[PDB]
file data-v6.cif (mmCIF, C-alpha atoms; chains and numbers go by the auth columns)
data_target
loop_
_atom_site.group_PDB
_atom_site.id
_atom_site.type_symbol
_atom_site.label_atom_id
_atom_site.label_comp_id
_atom_site.label_asym_id
_atom_site.label_seq_id
_atom_site.Cartn_x
_atom_site.Cartn_y
_atom_site.Cartn_z
_atom_site.B_iso_or_equiv
_atom_site.auth_seq_id
_atom_site.auth_asym_id
ATOM 1 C CA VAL A 1 39.899 19.266 -152.781 0.00 541 A
ATOM 2 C CA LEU A 2 38.548 19.711 -156.322 0.00 542 A
ATOM 3 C CA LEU A 3 41.062 17.158 -157.595 0.00 543 A
ATOM 4 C CA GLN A 4 39.970 14.784 -154.838 0.00 544 A
ATOM 5 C CA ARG A 5 36.362 15.108 -156.019 0.00 545 A
ATOM 6 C CA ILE A 6 36.934 14.662 -159.751 0.00 546 A
ATOM 7 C CA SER A 7 39.558 11.911 -159.940 0.00 547 A
ATOM 8 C CA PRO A 8 38.432 8.253 -160.071 0.00 548 A
ATOM 9 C CA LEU A 9 41.523 7.124 -158.146 0.00 549 A
ATOM 10 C CA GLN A 10 40.781 6.227 -154.529 0.00 550 A
ATOM 11 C CA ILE A 11 43.180 5.334 -151.724 0.00 551 A
ATOM 12 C CA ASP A 12 42.662 2.146 -149.694 0.00 552 A
ATOM 13 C CA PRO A 13 45.403 1.511 -147.109 0.00 553 A
ATOM 14 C CA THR A 14 44.158 -2.053 -146.561 0.00 554 A
ATOM 15 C CA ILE A 15 45.922 -3.111 -149.775 0.00 555 A
ATOM 16 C CA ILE A 16 49.125 -2.861 -147.754 0.00 556 A
ATOM 17 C CA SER A 17 47.911 -4.773 -144.698 0.00 557 A
ATOM 18 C CA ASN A 18 46.710 -7.730 -146.758 0.00 558 A
ATOM 19 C CA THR A 19 49.993 -7.913 -148.673 0.00 559 A
ATOM 20 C CA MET A 20 51.990 -8.256 -145.456 0.00 560 A
ATOM 21 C CA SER A 21 49.584 -10.410 -143.396 0.00 561 A
ATOM 22 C CA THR A 22 51.394 -10.402 -140.063 0.00 562 A
ATOM 23 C CA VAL A 23 49.910 -10.240 -136.565 0.00 563 A
ATOM 24 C CA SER A 24 51.807 -9.942 -133.279 0.00 564 A
ATOM 25 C CA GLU A 25 50.808 -12.235 -130.426 0.00 565 A
ATOM 26 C CA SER A 26 52.177 -9.800 -127.830 0.00 566 A
ATOM 27 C CA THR A 27 55.079 -7.486 -127.070 0.00 567 A
ATOM 28 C CA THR A 28 57.189 -10.665 -126.845 0.00 568 A
ATOM 29 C CA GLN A 29 57.599 -10.503 -130.643 0.00 569 A
ATOM 30 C CA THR A 30 60.273 -7.888 -130.082 0.00 570 A
ATOM 31 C CA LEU A 31 61.839 -7.325 -133.504 0.00 571 A
ATOM 32 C CA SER A 32 60.331 -7.949 -136.949 0.00 572 A
ATOM 33 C CA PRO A 33 60.648 -6.082 -140.265 0.00 573 A
ATOM 34 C CA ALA A 34 57.078 -6.483 -141.513 0.00 574 A
ATOM 35 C CA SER A 35 55.543 -5.245 -138.269 0.00 575 A
ATOM 36 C CA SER A 36 58.074 -2.408 -138.101 0.00 576 A
ATOM 37 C CA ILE A 37 57.248 -1.157 -141.599 0.00 577 A
ATOM 38 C CA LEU A 38 53.505 -1.496 -140.987 0.00 578 A
ATOM 39 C CA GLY A 39 53.830 0.417 -137.727 0.00 579 A
ATOM 40 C CA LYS A 40 55.743 3.224 -139.411 0.00 580 A
ATOM 41 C CA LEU A 41 53.415 3.469 -142.418 0.00 581 A
ATOM 42 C CA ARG A 42 50.287 3.708 -140.212 0.00 582 A
ATOM 43 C CA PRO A 43 47.494 2.485 -142.516 0.00 583 A
ATOM 44 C CA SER A 44 45.000 3.503 -139.823 0.00 584 A
ATOM 45 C CA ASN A 45 45.316 7.206 -140.761 0.00 585 A
ATOM 46 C CA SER A 46 43.192 8.485 -143.653 0.00 586 A
ATOM 47 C CA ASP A 47 44.374 12.088 -144.195 0.00 587 A
ATOM 48 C CA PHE A 48 45.894 12.275 -147.686 0.00 588 A
ATOM 49 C CA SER A 49 46.001 16.037 -148.270 0.00 589 A
ATOM 50 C CA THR B 1 72.322 -11.661 -133.010 0.00 786 B
ATOM 51 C CA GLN B 2 70.159 -13.803 -135.317 0.00 787 B
ATOM 52 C CA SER B 3 69.871 -13.759 -139.094 0.00 788 B
ATOM 53 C CA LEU B 4 67.218 -11.504 -140.627 0.00 789 B
ATOM 54 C CA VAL B 5 68.077 -11.563 -144.336 0.00 790 B
ATOM 55 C CA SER B 6 65.126 -13.744 -145.350 0.00 791 B
ATOM 56 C CA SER B 7 62.588 -11.544 -143.552 0.00 792 B
ATOM 57 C CA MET B 8 63.935 -8.302 -145.038 0.00 793 B
ATOM 58 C CA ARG B 9 64.003 -9.873 -148.492 0.00 794 B
ATOM 59 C CA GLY B 10 60.440 -11.109 -148.097 0.00 795 B
ATOM 60 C CA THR B 11 59.141 -7.716 -147.009 0.00 796 B
ATOM 61 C CA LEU B 12 61.025 -5.948 -149.811 0.00 797 B
ATOM 62 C CA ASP B 13 59.617 -8.379 -152.391 0.00 798 B
ATOM 63 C CA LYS B 14 56.099 -7.846 -151.059 0.00 799 B
ATOM 64 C CA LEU B 15 56.530 -4.076 -151.352 0.00 800 B
ATOM 65 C CA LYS B 16 58.169 -4.424 -154.777 0.00 801 B
ATOM 66 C CA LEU B 17 55.373 -6.277 -156.597 0.00 802 B
ATOM 67 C CA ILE B 18 52.397 -4.556 -154.959 0.00 803 B
ATOM 68 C CA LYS B 19 49.310 -3.960 -157.118 0.00 804 B
ATOM 69 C CA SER B 20 48.870 -0.181 -156.858 0.00 805 B
ATOM 70 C CA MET B 21 47.220 1.848 -159.617 0.00 806 B
ATOM 71 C CA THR B 22 48.692 5.177 -158.476 0.00 807 B
ATOM 72 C CA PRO B 23 51.688 5.233 -160.882 0.00 808 B
ATOM 73 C CA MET B 24 49.310 4.394 -163.742 0.00 809 B
ATOM 74 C CA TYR B 25 46.944 7.175 -162.665 0.00 810 B
ATOM 75 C CA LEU B 26 49.761 9.721 -162.403 0.00 811 B
ATOM 76 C CA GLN B 27 51.084 8.723 -165.823 0.00 812 B
ATOM 77 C CA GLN B 28 47.764 8.951 -167.707 0.00 813 B
ATOM 78 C CA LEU B 29 44.765 10.610 -166.033 0.00 814 B
ATOM 79 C CA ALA B 30 46.187 13.245 -163.683 0.00 815 B
ATOM 80 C CA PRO B 31 47.726 15.321 -166.533 0.00 816 B
ATOM 81 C CA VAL B 32 44.375 15.200 -168.319 0.00 817 B
ATOM 82 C CA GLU B 33 42.551 16.428 -165.213 0.00 818 B
ATOM 83 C CA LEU B 34 45.078 19.223 -164.700 0.00 819 B
ATOM 84 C CA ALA B 35 44.768 20.320 -168.327 0.00 820 B
ATOM 85 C CA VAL B 36 40.972 20.296 -168.084 0.00 821 B
ATOM 86 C CA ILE B 37 40.910 22.394 -164.905 0.00 822 B
ATOM 87 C CA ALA B 38 43.683 24.831 -165.858 0.00 823 B
ATOM 88 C CA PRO B 39 41.887 27.273 -168.234 0.00 824 B
ATOM 89 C CA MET B 40 39.063 27.867 -165.750 0.00 825 B
ATOM 90 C CA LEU B 41 41.148 28.871 -162.722 0.00 826 B
ATOM 91 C CA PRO B 42 40.913 32.403 -161.253 0.00 827 B
ATOM 92 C CA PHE B 43 44.707 32.556 -160.851 0.00 828 B
ATOM 93 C CA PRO B 44 46.317 31.220 -164.059 0.00 829 B
ATOM 94 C CA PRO B 45 49.479 29.130 -163.683 0.00 830 B
ATOM 95 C CA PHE B 46 52.973 30.580 -163.201 0.00 831 B
ATOM 96 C CA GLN B 47 55.736 28.058 -163.956 0.00 832 B
ATOM 97 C CA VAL B 48 59.517 28.203 -164.346 0.00 833 B
ATOM 98 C CA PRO B 49 61.091 25.301 -166.282 0.00 834 B
ATOM 99 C CA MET C 1 14.320 52.327 -168.582 0.00 1 C
ATOM 100 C CA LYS C 2 15.201 50.080 -165.650 0.00 2 C
ATOM 101 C CA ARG C 3 17.408 51.574 -162.943 0.00 3 C
ATOM 102 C CA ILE C 4 20.333 49.402 -161.825 0.00 4 C
ATOM 103 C CA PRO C 5 21.620 49.859 -158.248 0.00 5 C
ATOM 104 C CA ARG C 6 25.237 50.090 -157.154 0.00 6 C
ATOM 105 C CA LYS C 7 26.844 47.549 -154.844 0.00 7 C
ATOM 106 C CA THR C 8 29.603 50.065 -154.059 0.00 8 C
ATOM 107 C CA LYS C 9 29.109 53.502 -152.534 0.00 9 C
ATOM 108 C CA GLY C 10 29.467 56.478 -154.852 0.00 10 C
ATOM 109 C CA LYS C 11 31.013 59.814 -153.983 0.00 11 C
ATOM 110 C CA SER C 12 28.576 60.650 -151.173 0.00 12 C
ATOM 111 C CA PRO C 13 -4.375 21.189 -182.348 0.00 40 C
ATOM 112 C CA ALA C 14 -2.944 18.776 -179.787 0.00 41 C
ATOM 113 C CA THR C 15 -0.265 20.225 -177.521 0.00 42 C
ATOM 114 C CA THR C 16 1.077 16.837 -176.390 0.00 43 C
ATOM 115 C CA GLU C 17 4.371 15.880 -178.055 0.00 44 C
ATOM 116 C CA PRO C 18 5.479 12.220 -178.229 0.00 45 C
ATOM 117 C CA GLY C 19 8.924 12.098 -176.660 0.00 46 C
ATOM 118 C CA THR C 20 8.613 14.752 -173.943 0.00 47 C
ATOM 119 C CA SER C 21 7.699 12.532 -170.977 0.00 48 C
ATOM 120 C CA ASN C 22 10.122 12.572 -168.047 0.00 49 C
ATOM 121 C CA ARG C 23 10.345 8.973 -166.774 0.00 50 C
ATOM 122 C CA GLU C 24 14.152 8.742 -167.102 0.00 51 C
ATOM 123 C CA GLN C 25 15.971 7.525 -163.982 0.00 52 C
ATOM 124 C CA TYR C 26 19.713 8.260 -163.835 0.00 53 C
ATOM 125 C CA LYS C 27 22.159 9.029 -161.022 0.00 54 C
ATOM 126 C CA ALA C 28 25.467 10.740 -161.726 0.00 55 C
ATOM 127 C CA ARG C 29 28.931 9.456 -160.836 0.00 56 C
ATOM 128 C CA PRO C 30 30.502 11.664 -159.673 0.00 57 C
ATOM 129 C CA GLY C 31 27.454 13.407 -158.236 0.00 58 C
ATOM 130 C CA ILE C 32 26.477 16.915 -159.258 0.00 59 C
ATOM 131 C CA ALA C 33 26.311 18.392 -155.762 0.00 60 C
ATOM 132 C CA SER C 34 29.773 17.258 -154.652 0.00 61 C
ATOM 133 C CA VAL C 35 31.601 18.724 -157.649 0.00 62 C
ATOM 134 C CA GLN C 36 29.348 21.787 -157.512 0.00 63 C
ATOM 135 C CA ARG C 37 30.380 22.575 -153.938 0.00 64 C
ATOM 136 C CA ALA C 38 34.057 21.949 -154.706 0.00 65 C
ATOM 137 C CA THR C 39 33.881 24.242 -157.748 0.00 66 C
ATOM 138 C CA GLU C 40 32.083 26.880 -155.675 0.00 67 C
ATOM 139 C CA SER C 41 34.955 26.813 -153.206 0.00 68 C
ATOM 140 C CA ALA C 42 37.480 27.054 -156.050 0.00 69 C
ATOM 141 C CA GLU C 43 35.670 30.035 -157.636 0.00 70 C
ATOM 142 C CA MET C 44 36.787 32.384 -154.858 0.00 71 C
ATOM 143 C CA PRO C 45 39.280 35.118 -155.838 0.00 72 C
ATOM 144 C CA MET C 46 42.345 36.143 -153.877 0.00 73 C
ATOM 145 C CA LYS C 47 42.274 38.567 -150.963 0.00 74 C
ATOM 146 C CA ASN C 48 43.424 42.162 -151.249 0.00 75 C
ATOM 147 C CA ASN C 49 46.719 42.902 -149.480 0.00 76 C
ATOM 148 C CA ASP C 50 46.689 46.649 -148.845 0.00 77 C
ATOM 149 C CA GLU C 51 49.178 46.659 -145.952 0.00 78 C
ATOM 150 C CA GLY C 52 51.928 49.223 -146.445 0.00 79 C
ATOM 151 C CA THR C 53 49.965 51.389 -148.909 0.00 80 C
ATOM 152 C CA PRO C 54 48.751 54.987 -148.533 0.00 81 C
ATOM 153 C CA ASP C 55 45.417 56.131 -147.186 0.00 82 C
ATOM 154 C CA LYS C 56 43.289 58.723 -148.948 0.00 83 C
ATOM 155 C CA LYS C 57 45.150 61.529 -147.141 0.00 84 C
ATOM 156 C CA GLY C 58 48.680 60.088 -147.160 0.00 85 C
ATOM 157 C CA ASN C 59 48.896 58.004 -143.989 0.00 86 C
ATOM 158 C CA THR C 60 50.099 54.415 -144.296 0.00 87 C
ATOM 159 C CA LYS C 61 47.738 51.453 -143.856 0.00 88 C
ATOM 160 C CA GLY C 62 48.833 48.547 -141.672 0.00 89 C
ATOM 161 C CA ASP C 63 50.302 47.784 -138.256 0.00 90 C
ATOM 162 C CA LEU C 64 53.579 48.976 -136.722 0.00 91 C
ATOM 163 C CA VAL C 65 55.382 45.623 -136.843 0.00 92 C
ATOM 164 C CA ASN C 66 58.768 44.582 -138.238 0.00 93 C
ATOM 165 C CA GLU C 67 58.731 42.992 -141.694 0.00 94 C
ATOM 166 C CA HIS C 68 60.439 39.670 -140.937 0.00 95 C
ATOM 167 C CA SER C 69 58.345 39.283 -137.789 0.00 96 C
ATOM 168 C CA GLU C 70 55.375 40.021 -140.042 0.00 97 C
ATOM 169 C CA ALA C 71 56.324 37.211 -142.428 0.00 98 C
ATOM 170 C CA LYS C 72 56.737 34.681 -139.613 0.00 99 C
ATOM 171 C CA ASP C 73 53.442 35.756 -138.022 0.00 100 C
ATOM 172 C CA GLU C 74 51.657 35.276 -141.344 0.00 101 C
ATOM 173 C CA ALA C 75 53.207 31.826 -141.831 0.00 102 C
ATOM 174 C CA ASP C 76 51.928 30.784 -138.397 0.00 103 C
ATOM 175 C CA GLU C 77 48.451 32.126 -139.164 0.00 104 C
ATOM 176 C CA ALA C 78 48.278 30.270 -142.484 0.00 105 C
ATOM 177 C CA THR C 79 49.365 27.012 -140.850 0.00 106 C
ATOM 178 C CA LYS C 80 46.660 27.369 -138.194 0.00 107 C
ATOM 179 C CA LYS C 81 44.062 27.994 -140.898 0.00 108 C
ATOM 180 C CA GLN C 82 45.220 24.838 -142.704 0.00 109 C
ATOM 181 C CA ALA C 83 44.836 22.803 -139.509 0.00 110 C
ATOM 182 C CA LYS C 84 41.352 24.268 -139.075 0.00 111 C
ATOM 183 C CA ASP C 85 40.411 23.429 -142.651 0.00 112 C
ATOM 184 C CA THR C 86 41.432 19.760 -142.524 0.00 113 C
ATOM 185 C CA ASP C 87 39.838 19.517 -139.017 0.00 114 C
ATOM 186 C CA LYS C 88 43.035 18.166 -137.448 0.00 115 C
ATOM 187 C CA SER C 89 44.744 19.566 -134.377 0.00 116 C
ATOM 188 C CA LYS C 90 48.131 19.639 -136.144 0.00 117 C
ATOM 189 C CA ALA C 91 48.419 20.458 -139.834 0.00 118 C
ATOM 190 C CA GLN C 92 49.969 17.864 -142.119 0.00 119 C
ATOM 191 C CA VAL C 93 51.001 20.571 -144.613 0.00 120 C
ATOM 192 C CA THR C 94 52.772 23.452 -142.881 0.00 121 C
ATOM 193 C CA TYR C 95 54.201 26.825 -143.882 0.00 122 C
ATOM 194 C CA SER C 96 56.290 27.409 -140.739 0.00 123 C
ATOM 195 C CA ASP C 97 59.227 25.414 -139.353 0.00 124 C
ATOM 196 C CA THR C 98 59.938 24.048 -142.814 0.00 125 C
ATOM 197 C CA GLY C 99 63.525 22.878 -143.083 0.00 126 C
ATOM 198 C CA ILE C 100 64.568 25.860 -145.214 0.00 127 C
ATOM 199 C CA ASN C 101 66.656 28.625 -143.634 0.00 128 C
ATOM 200 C CA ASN C 102 64.497 31.429 -144.969 0.00 129 C
ATOM 201 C CA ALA C 103 65.602 34.138 -142.519 0.00 130 C
ATOM 202 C CA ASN C 104 66.024 37.064 -144.936 0.00 131 C
ATOM 203 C CA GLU C 105 62.390 37.032 -146.078 0.00 132 C
ATOM 204 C CA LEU C 106 60.516 40.342 -145.952 0.00 133 C
ATOM 205 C CA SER C 107 56.822 41.215 -146.019 0.00 134 C
ATOM 206 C CA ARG C 108 54.879 44.452 -146.307 0.00 135 C
ATOM 207 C CA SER C 109 53.819 46.208 -143.115 0.00 136 C
ATOM 208 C CA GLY C 110 52.902 49.603 -141.732 0.00 137 C
ATOM 209 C CA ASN C 111 56.323 50.284 -140.251 0.00 138 C
ATOM 210 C CA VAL C 112 57.703 52.214 -143.265 0.00 139 C
ATOM 211 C CA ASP C 113 56.403 54.891 -145.629 0.00 140 C
ATOM 212 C CA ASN C 114 57.058 55.458 -149.318 0.00 141 C
ATOM 213 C CA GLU C 115 60.226 57.550 -148.944 0.00 142 C
ATOM 214 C CA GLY C 116 61.892 54.867 -146.817 0.00 143 C
ATOM 215 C CA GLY C 117 61.381 56.411 -143.387 0.00 144 C
ATOM 216 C CA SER C 118 59.645 55.049 -140.315 0.00 145 C
ATOM 217 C CA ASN C 119 56.009 55.599 -139.382 0.00 146 C
ATOM 218 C CA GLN C 120 56.778 56.437 -135.778 0.00 147 C
ATOM 219 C CA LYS C 121 54.536 59.429 -136.460 0.00 148 C
ATOM 220 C CA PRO C 122 51.929 59.706 -139.240 0.00 149 C
ATOM 221 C CA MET C 123 52.850 61.687 -142.337 0.00 150 C
ATOM 222 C CA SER C 124 50.030 64.183 -141.902 0.00 151 C
ATOM 223 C CA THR C 125 51.315 65.020 -138.415 0.00 152 C
ATOM 224 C CA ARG C 126 54.813 65.658 -139.776 0.00 153 C
ATOM 225 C CA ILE C 127 53.380 67.924 -142.482 0.00 154 C
ATOM 226 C CA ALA C 128 51.372 69.798 -139.850 0.00 155 C
ATOM 227 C CA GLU C 129 54.360 70.446 -137.575 0.00 156 C
ATOM 228 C CA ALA C 130 56.718 71.401 -140.402 0.00 157 C
ATOM 229 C CA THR C 131 54.090 73.893 -141.541 0.00 158 C
ATOM 230 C CA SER C 132 53.372 75.196 -138.032 0.00 159 C
ATOM 231 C CA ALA C 133 57.043 76.097 -137.652 0.00 160 C
ATOM 232 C CA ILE C 134 56.703 78.906 -140.199 0.00 161 C
ATOM 233 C CA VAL C 135 53.463 80.657 -139.131 0.00 162 C
ATOM 234 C CA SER C 136 53.419 84.380 -138.273 0.00 163 C
ATOM 235 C CA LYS C 137 50.871 86.502 -136.427 0.00 164 C
ATOM 236 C CA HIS C 138 49.428 90.004 -136.324 0.00 165 C
ATOM 237 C CA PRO C 139 51.810 92.698 -135.022 0.00 166 C
ATOM 238 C CA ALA C 140 51.489 93.425 -131.316 0.00 167 C
#
call {"tool": "encode", "arguments": {"input": "data-v6.cif", "output": "structure tokens"}}
result
Amino acid sequence: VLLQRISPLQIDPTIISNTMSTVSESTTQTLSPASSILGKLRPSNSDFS
Amino acid sequence: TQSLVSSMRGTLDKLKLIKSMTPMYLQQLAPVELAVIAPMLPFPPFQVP
Amino acid sequence: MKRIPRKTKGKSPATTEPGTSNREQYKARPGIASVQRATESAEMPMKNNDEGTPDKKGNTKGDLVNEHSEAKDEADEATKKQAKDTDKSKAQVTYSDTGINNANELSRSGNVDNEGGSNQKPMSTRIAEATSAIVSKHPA
């Protein structure tokens, strides 16, 4: 926690989502690598302990 | 069933050239922060090589 | 001369100067309070682990639990405390169920005394009985 306070580095998951820039219309887009990797990486979670 | 080489290559290239500062931070500023904090700790470090 | 208590129980001309005005306006980055609280939390020393050590009359301090069971119980407790501290239901950083076969690990407990025997019965009791076996009384 002390390192988290002092360091100027900050983590923004959105950098990933903008680099990919893919959206699924529905479940009918069955298989896709970009959506698969985004789904596994889960940018929506912000716990970096 | 259908070719996916272009999509995998595109995703891998996007992940390859990403603009993250974390490797720079770990190379330069994190050691400095660790060295600054280290003398003040209540439990001094214990390292094997 | 001033008496100092014990925290632990014993054995019982113009005054005005030109540049001194205080109209400066600065905010810190990082802020003082945030780093102050983090440093306060880091100041804390480690806890005392007296389990398995003698009392002031010879009896062992701890609980009558097996050592490997003790180690696994402590790993579970530490993981729960981590989950509490990061406010999650499940801890991201865990000390139990790690992929290492660490089944020979031992921890201190109250199940053994200093000579290697079991504390099925406190040492003072054993001394008392071994002594009582040799008493003699007034002739009839």
call {"tool": "interface_residues", "arguments": {"input": "data-v6.cif", "of": "chain A", "to": "chain B", "cutoff": "12 Å", "atoms": "all atoms listed in the file", "output": "list in words"}}
result
residues 542, 543, 544, 545, 546, 547, 548, 549, 550, 551, 552, 553, 554, 555, 556, 557, 558, 559, 560, 561, 562, 571, 572, 573, 574, 575, 576, 577 and 578 of chain A
call {"tool": "resolve_selection", "arguments": {"input": "data-v6.cif", "expression": "the PyMOL selection byres ((chain C) within 8 of (chain B))", "output": "list in words"}}
result
residues 69, 70, 71 and 72 of chain C
call {"tool": "atom_distance", "arguments": {"input": "data-v6.cif", "atom1": "atom CA of residue C:87", "atom2": "atom CA of residue C:152"}}
result
12.2 Å
call {"tool": "atom_distance", "arguments": {"input": "data-v6.cif", "atom1": "atom CA of residue C:79", "atom2": "atom CA of residue C:141"}}
result
8.6 Å
call {"tool": "closest_atom_pairs", "arguments": {"input": "data-v6.cif", "of": "chain C", "to": "chain A", "cutoff": "7 Å", "atoms": "all atoms listed in the file", "output": "CSV"}}
result
residue,atom,partner,partner_atom,distance
C:62,CA,A:545,CA,6.2
C:65,CA,A:542,CA,5.3
C:66,CA,A:542,CA,6.7
call {"tool": "build_atoms", "arguments": {"input": "data-v6.cif", "residues": "stretch 809-824 of chain B", "atoms": "N, CA, C and O atoms", "output": "short mmCIF file (atom, residue, chain, number, x, y, z; two decimals), in the frame of the given file"}}
result
data_model
loop_
_atom_site.label_atom_id
_atom_site.label_comp_id
_atom_site.auth_asym_id
_atom_site.auth_seq_id
_atom_site.Cartn_x
_atom_site.Cartn_y
_atom_site.Cartn_z
N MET B 809 50.08 4.34 -162.50
CA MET B 809 49.31 4.39 -163.74
C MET B 809 48.46 5.65 -163.80
O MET B 809 48.39 6.32 -164.84
N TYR B 810 47.80 5.99 -162.70
CA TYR B 810 46.94 7.18 -162.66
C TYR B 810 47.76 8.45 -162.88
O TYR B 810 47.34 9.35 -163.61
N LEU B 811 48.93 8.54 -162.24
CA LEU B 811 49.76 9.72 -162.40
C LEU B 811 50.36 9.81 -163.80
O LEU B 811 50.69 10.91 -164.26
N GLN B 812 50.53 8.68 -164.48
CA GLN B 812 51.08 8.72 -165.82
C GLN B 812 50.05 9.13 -166.87
O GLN B 812 50.42 9.70 -167.90
N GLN B 813 48.76 8.85 -166.64
CA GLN B 813 47.76 8.95 -167.71
C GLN B 813 46.64 9.93 -167.40
O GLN B 813 46.31 10.75 -168.26
N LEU B 814 46.01 9.87 -166.23
CA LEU B 814 44.76 10.61 -166.03
C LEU B 814 44.97 11.93 -165.30
O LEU B 814 44.21 12.88 -165.53
N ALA B 815 45.94 12.00 -164.39
CA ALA B 815 46.19 13.24 -163.68
C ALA B 815 46.58 14.39 -164.61
O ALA B 815 46.07 15.51 -164.41
N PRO B 816 47.48 14.22 -165.59
CA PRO B 816 47.73 15.32 -166.53
C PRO B 816 46.48 15.77 -167.27
O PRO B 816 46.31 16.98 -167.51
N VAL B 817 45.61 14.84 -167.64
CA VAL B 817 44.38 15.20 -168.32
C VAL B 817 43.49 16.05 -167.41
O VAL B 817 42.93 17.06 -167.84
N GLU B 818 43.36 15.65 -166.15
CA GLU B 818 42.55 16.43 -165.21
C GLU B 818 43.12 17.82 -165.02
O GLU B 818 42.38 18.81 -164.97
N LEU B 819 44.45 17.92 -164.88
CA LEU B 819 45.08 19.22 -164.70
C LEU B 819 44.85 20.11 -165.91
O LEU B 819 44.56 21.30 -165.77
N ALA B 820 44.97 19.54 -167.11
CA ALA B 820 44.77 20.32 -168.33
C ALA B 820 43.32 20.75 -168.48
O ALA B 820 43.03 21.81 -169.04
N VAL B 821 42.38 19.92 -168.01
CA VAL B 821 40.97 20.30 -168.08
C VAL B 821 40.67 21.43 -167.12
O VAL B 821 39.94 22.37 -167.46
N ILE B 822 41.21 21.37 -165.90
CA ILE B 822 40.91 22.39 -164.90
C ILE B 822 41.62 23.71 -165.22
O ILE B 822 41.07 24.79 -164.98
N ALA B 823 42.82 23.65 -165.78
CA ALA B 823 43.68 24.83 -165.86
C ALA B 823 43.06 26.07 -166.49
O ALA B 823 43.23 27.16 -165.92
N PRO B 824 42.37 26.02 -167.63
CA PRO B 824 41.89 27.27 -168.23
C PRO B 824 40.84 27.99 -167.40
O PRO B 824 40.59 29.18 -167.64
#
